[PDB]
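A.B. asks: below: the sequence, then the experimentally determined structure.
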Amino acid sequence: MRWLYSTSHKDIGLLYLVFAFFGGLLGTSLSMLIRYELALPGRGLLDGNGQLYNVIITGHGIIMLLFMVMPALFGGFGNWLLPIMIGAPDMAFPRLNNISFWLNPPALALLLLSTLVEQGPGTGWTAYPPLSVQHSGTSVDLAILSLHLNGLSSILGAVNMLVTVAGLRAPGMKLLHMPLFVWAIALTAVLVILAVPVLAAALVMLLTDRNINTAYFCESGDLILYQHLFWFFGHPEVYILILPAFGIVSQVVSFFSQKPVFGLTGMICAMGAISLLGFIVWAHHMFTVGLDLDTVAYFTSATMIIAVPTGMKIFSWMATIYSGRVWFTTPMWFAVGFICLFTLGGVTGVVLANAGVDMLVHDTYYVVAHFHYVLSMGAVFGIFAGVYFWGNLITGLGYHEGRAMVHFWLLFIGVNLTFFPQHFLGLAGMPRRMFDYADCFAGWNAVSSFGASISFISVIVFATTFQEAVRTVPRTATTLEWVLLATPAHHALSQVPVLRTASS
Amino acid sequence: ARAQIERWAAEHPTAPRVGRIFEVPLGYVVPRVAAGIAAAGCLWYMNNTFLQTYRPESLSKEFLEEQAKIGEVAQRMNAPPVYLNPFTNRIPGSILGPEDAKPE
Amino acid sequence: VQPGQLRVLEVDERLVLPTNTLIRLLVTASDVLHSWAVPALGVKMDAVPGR
Amino acid sequence: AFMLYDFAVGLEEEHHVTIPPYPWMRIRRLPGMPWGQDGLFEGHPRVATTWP
Amino acid sequence: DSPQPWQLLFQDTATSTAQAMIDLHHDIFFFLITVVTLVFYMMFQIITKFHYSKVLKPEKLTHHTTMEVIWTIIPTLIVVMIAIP
Amino acid sequence: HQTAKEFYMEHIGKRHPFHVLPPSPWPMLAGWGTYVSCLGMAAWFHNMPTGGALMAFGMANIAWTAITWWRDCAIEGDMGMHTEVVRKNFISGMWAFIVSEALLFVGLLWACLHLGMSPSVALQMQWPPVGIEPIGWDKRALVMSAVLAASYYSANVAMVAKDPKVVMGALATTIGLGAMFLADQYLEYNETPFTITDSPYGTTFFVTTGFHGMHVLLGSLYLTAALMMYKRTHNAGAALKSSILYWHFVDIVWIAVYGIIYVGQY
Amino acid sequence: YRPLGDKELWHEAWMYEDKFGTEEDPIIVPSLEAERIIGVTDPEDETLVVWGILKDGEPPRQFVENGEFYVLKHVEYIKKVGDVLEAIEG
Amino acid sequence: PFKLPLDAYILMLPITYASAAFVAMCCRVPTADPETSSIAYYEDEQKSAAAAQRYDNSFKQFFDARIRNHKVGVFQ
Amino acid sequence: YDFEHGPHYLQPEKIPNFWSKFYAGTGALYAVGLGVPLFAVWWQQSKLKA
Amino acid sequence: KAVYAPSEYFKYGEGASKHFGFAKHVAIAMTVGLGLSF
Ligand code: HEA
Ligand code: HEA
Ligand SMILES: [Cu+2]
Ligand SMILES: [Mg+2]
């Protein structure tokens, strides 16, 4: 009854964290079938089924995108940490926060049920027509309705987050004293509210094309219109999944350096510039569909601008570590690893922005290596940095430092050996979304499938890190959740704290 | 900024503070990651050995030796054969194919 | 396939194109989306039903 | 006043303008409709059958 | 023409357009190498020189307007140098 | 129970002006109602027998859960749990929901602008397609625009009035004017010489006007629910203001809908 | 008391006191419980926040360097300044 | 809220450039060739060809003198 | 323990047999999350093999 | 006798960055990167 009828933010955030762990387990299971079909030339364990391989990659991409990183960063750490960090007693709409969580298990259930109906939804996670429309049966409708339910969940969560930050701050605390995780969650909520309904409209058009015999994307329609609407949604979507990671990395790096964050207003402005530029660059996913050269020209020139705010954020993190008193712990290694390895994920994005180069590497494994650098090593490292940072506060359990270092090194080795060879495959022209490849692509495919098993082993080793905790008493901190007891009370902040400005 | 550091170091007593960059000793970390890498290698080997339903005939040693006899040469239905990828294999521009070369 | 040929990549009927000549290629499709990609020539354009 | 005038000049006028079956008219990618044969709210189908 | 085993970079070309694309890619990679080298070397030196066994207590450094303007203005020049080709 | 109010005053009410809720069963029931209705909708698309009844069953359960949730919210308002800052937060949440619905309509009208502006060879590059007789602006649609502008002004009356009879009469006039916008859209949907299956023009027209009509119906029901709370205690608070805000949003949406579809023939 | 213009009437002043708490004259923080979290900014930097915990029956305590001293006092009512004492306007 | 630092206006120069370019690209599309709702637009061959070549040459004519000189790379 | 009004909303050292149920729940979570895709593979391939 | 807050930071320049040589390390990094790029 506690975990079904909750109105507290700390319980709903923990429910999000557990649901995100379940989604990560499902996606990791779906990702071993991909790398085990792709280990050797010919036909592997899927018995030469291409529809089943397409179903597997569709389900894997949708699950790891929407049901793992999004509920962990936005719904998980955001719901637990936002009202404590700003000093709010609760969320603004506590029963809306519960339906924000409780629309996610119906969506995941519909997505998993679509795999068992007819031949499944083998379309890719983008679901381009007329491939989505040609599929006889019911599975594609279930997958798109799963997408609708997840989108409505994210919209309602963003509504609650935006009213909470605006209207329930502590007295004396303006929008200058909030830590950078709060700013990241607020800008993420703004992006969600602006971008998700475009996807909802596009999927409504897809439903009417599939089932109502309409003419949105058909013989007499326009198939480029779907790609326009979908990528206008989908490129803000990948900055929704990465800004809370920036906030977490700011909090972690600031903590263990014994220093405040370098260039606070520059950090906020860089996050805002990233948020604003994400809505006008979306047709960098559509360089090969046959657009006019002026459109291609503008979207090439505009996409390269996003590098400058990100470079300022990275150099500001490095200046935060600079001239400090740094103690390297397990969450600290997950943030230094973030800084060193998100750079490798962004430099290839610069290459992909230039449309002349993108004529060669569109829909190859160069793209895949890029977006597994920025997601499996930017967002996953951000998720795991906060688990070893706030875990004793959130769950009450400590962790063994040695097994956590074992888990970190296993994950770090297993991801640098899975996707670094996928660059060379894509430069040599190996296409995406294929299970049988040419005989000369065998060596890097073997190395990548070797790396995936190391990744799976590090997934297994993570379950053995938890242990009992030691509880102490706080006196002072720089953020408001490190003066609370571990775990805090059900109504944390019994008295609402105020921020007093001194005579200076 | 120091007090939250000292509080986190008390709630996480297994994390050592001894004065070195890698605080956990490598004698603990290296054998366990080696064992994990070995288990991953065993899973990869099991997939390669026992989980294939069709091995291609173009990877048999007879096909491979007969291909290595030919080299990187492509046939044409309207022309003499041509050396594939002439820049990386350093074919000079005068030579177009095997048969058109007719070695001196 | 037979030795000297490439597995997966080989077709039965090729496309014959002269060199040193300006060629117009009109790419389209009949049922779903496709893409005509030849990485040696630097050409990759999507085949869209109607375009 | 004009809407109350409109409510009395409603379903009384008729159109007999039959439309030939053009490729963009009466799309039937899936046979029929989920509720029947004709469209919803459609009591007087216009596109012609038996196209001479 | 056709891909090769253990291949790193692009295939060989038969048009001037594709060779122009590959040359643009290598020109971008010229800048990327220097960016990654600077980031990795500075991260290593910051990690080694500011460990707590070396540092008695940290320094207060929240802002530096000159360095902020410098690392804002240098990558924008690189962006516009890349964009025109 | 008698000390539950005492405990609330001792620990929550006298310490901060924000509202802390007791545990509630309605979010979970609404989520699994969405699950049931999605299964019914997917079965009803492909003419599976007893699929439309299942979709109606799931929608009826969602409607009942939402009605009981909103009755609980109204009860909590009547017992004085909401201060002024809570009501300001209610209007802020309504503004965020309005922004989301606005971007939904922006994505919907993007399709009208794209498909109408550059007709394709499949249409023999003629917009509007031959056979299609488009709906004119010089007719019943202009009467609809007049009625909905009158509804805008009458809803604007009830926002500023202080006499309760004026507020009730203005709200009833706004609701009755909204009901005439929908009863006449039904007449357009019956007299129109095309279908949603006839060309992208008919497709975009019916989908966009249907979404607008659904929003008109939701706003009319929300204004009706805000009036009965005022008919009882002569006080509505955030229920009156947010319903007026939503109604003004619907009015502004009709300007874009009329000026893109009816005037621009897109 | 600091100027109460542009201050919300329920912010419970003592935070808006016109005093710099010294060792020999601390700022008395009222509280409904024996402990309370308060937040003090750096006197040389508005952007930096240190949150501390004051306890009932303790000596004066300074949170930031060169900052105010504080003493907690357990009370049954906290003056919700904005309609408690400026309506008095004494 | 706070005072924007000196970086954010160096940020705002290419951001304003990108926003202006986006507005211009959106504006110049309904004043182009294929955005005509008739087959009778192309029966006037002089005006159609003139409008289409005007749409061709704009923003390309700033690049013709370096297209002809193979300025397609940072280095040569 | 009193989760609503006690000092901690989660007291994991006071559930009886906590470390047994915790490992049982973790094992069940790993089992379901790693075995649901394999059941979906088995289900589709058993329909073609008919 | 009251509870005093401790001195928590040095001023930038007299702690452990006086012996770092920031510009020297940036010059070394740019030299190595430019050598590899060339
Ligand atoms: C969230 C993004 C994300 C992540 C993390 C991953 C992780 C991995 N992915 Fe990929 N992948 C995609 C996003 C991601 N992927 C997308 C979008 C596609 C395209 C689908 C389509 O085309 O439709 C794709 C497709 C894709 C391909 C291309 C297949 C094809 O082209 O057909 C390959 C090939 O190697 C691959 C492999 C892997 C491997 C070995 C990992 C490894 O990293 C394994 C995972 C290991 C982890 C450690 C991550 C799990 C994380 C947790 C368990 C943390 C949870 C913890 C808490 C919540 C506390 N996946
Ligand atoms: C975590 C999510 C995430 C993030 C943050 C990014 C970030 C970026 N991405 Fe990407 N991207 C994806 C997720 C993401 N992407 C996904 C999922 C796809 C495939 C979708 C699909 O089809 O399935 C994709 C594909 C994709 C494409 C389309 C290619 C194609 O599919 O054909 C492009 C093209 O422009 C692109 C570019 C960029 C750029 C320029 C950034 C920039 O934001 C990166 C900026 C960072 C840096 C540039 C490094 C830091 C900068 C410095 C250290 C300063 C030095 C820099 C310079 C001097 C320039 N990525
Ligand atoms: Cu993108
Ligand atoms: Mg593509």
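C.D. replies: Ah, there it is. Numbering: from 1, shown residues only, chains lettered A, B, ... in the order given. Ligands and ions are numbered 1, 2, ... in the order given.

A.B. asks: quick one, strands of the chain?
C.D. replies: I'll assume chain A. A:398-399, A:466-467, A:476-477, A:499-500 (DSSP state E).

A.B. asks: oops, wrong one, chain J.
C.D. replies: Using DSSP E, strands in chain J cover J:10-11.

A.B. asks: circling back to that earlier point, present the strands of chain A as a markdown table; the columns should include mean neighbour count.
C.D. replies: Quick note: C-beta positions are derived from backbone N, CA and C, even for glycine. Putting the strands of chain A into a markdown table (neighbours: other C-beta atoms under 10 Å in any protein chain shown) gives the following:
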| stretch | mean neighbour count |
| --- | --- |
| strand A:398-399 | 22 |
| strand A:466-467 | 16 |
| strand A:476-477 | 22 |
| strand A:499-500 | 22 |
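
A.B. asks: out of those, which is closest to residue H:55?
C.D. replies: When the strands of chain A are compared by C-beta to C-beta, strand A:499-500 sits nearest residue H:55, at 58.1 Å.

A.B. asks: for that closest one, packing partners?
C.D. replies: strand G:35-42 (3 or more C-beta pairs under 8 Å, 6 or more residues apart in numbering or on different chains; DSSP states H and E).

A.B. asks: quickly check: the strand it packs on near chain I or not.
C.D. replies: No. Judged by C-beta under 8 Å from any C-beta of the partner chain, strand G:35-42 and chain I are separated, with a smallest distance of 11.8 Å.

A.B. asks: what about that strand and chain B, touching?
C.D. replies: No. Strand G:35-42 is not in contact with chain B by C-beta under 8 Å from any C-beta; minimum separation 11.2 Å.

A.B. asks: just the CA coordinates of that strand, formatted as PDB?
C.D. replies: The C-alpha trace of strand G:35-42 is given here as PDB (Å, rounded to 0.1, in the frame of the first residue of the first chain):
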ATOM      1  CA  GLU G  35      17.400  21.600  16.000                       C
ATOM      2  CA  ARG G  36      17.000  23.500  12.700                       C
ATOM      3  CA  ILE G  37      18.800  23.800   9.400                       C
ATOM      4  CA  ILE G  38      19.700  27.400   8.300                       C
ATOM      5  CA  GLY G  39      21.600  28.600   5.300                       C
ATOM      6  CA  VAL G  40      24.300  31.300   5.300                       C
ATOM      7  CA  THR G  41      26.000  32.800   2.300                       C
ATOM      8  CA  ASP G  42      29.700  33.700   2.100                       C
END
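
A.B. asks: distance of the residue in chain I positioned nearest to ligand 2 from chain F?
C.D. replies: Closest residue of chain I to ligand 2, C-beta to the nearest ligand atom: residue I:37 (19.8 Å). Per C-beta to the nearest C-beta, to the nearest Å, residue I:37 is found 21 Å from chain F.

A.B. asks: so that residue belongs to a strand, correct?
C.D. replies: No. Residue I:37: not assigned to a strand; according to DSSP: H, G, I helix; E, B strand; the rest coil it is helix.

A.B. asks: closest to residue C:21 out of the strands of chain A?
C.D. replies: The nearest among the strands of chain A, by C-beta to C-beta, is strand A:398-399 at 67.9 Å.

A.B. asks: got a list of what the closest residue to residue C:7 other than its chain neighbours touches?
C.D. replies: Among residues not flanking residue C:7 along the chain, residue B:58 sits closest, at 4.3 Å (C-beta to C-beta, 6 or more residues apart in numbering or on different chains). Counting by C-beta atoms under 8 Å, 6 or more residues apart in numbering or on different chains, residue B:58 touches A:439, C:1, C:7.

A.B. asks: and which of the residues you listed is nearest to chain B?
C.D. replies: residue C:7 (4.3 Å; C-beta to the nearest C-beta).

A.B. asks: neighbours of the closest one, how many?
C.D. replies: When neighbours are defined as other C-beta atoms under 10 Å in any protein chain shown, residue C:7 has 18 of them.

A.B. asks: and it, how far is that from residue A:48?
C.D. replies: Distance from residue C:7 to residue A:48, counting by C-beta to C-beta, to the nearest Å: 14 Å.

A.B. asks: list the contacts for whatever residue of chain I ends up closest to chain H?
C.D. replies: Of all residues in chain I, the one sitting closest to chain H is residue I:9 (33.5 Å; C-beta to the nearest C-beta). If you count contacts by C-beta under 8 Å, 6+ apart, residue I:9 has them with A:8, A:10, A:11, A:487, A:488, A:489, A:490, A:492, I:3.
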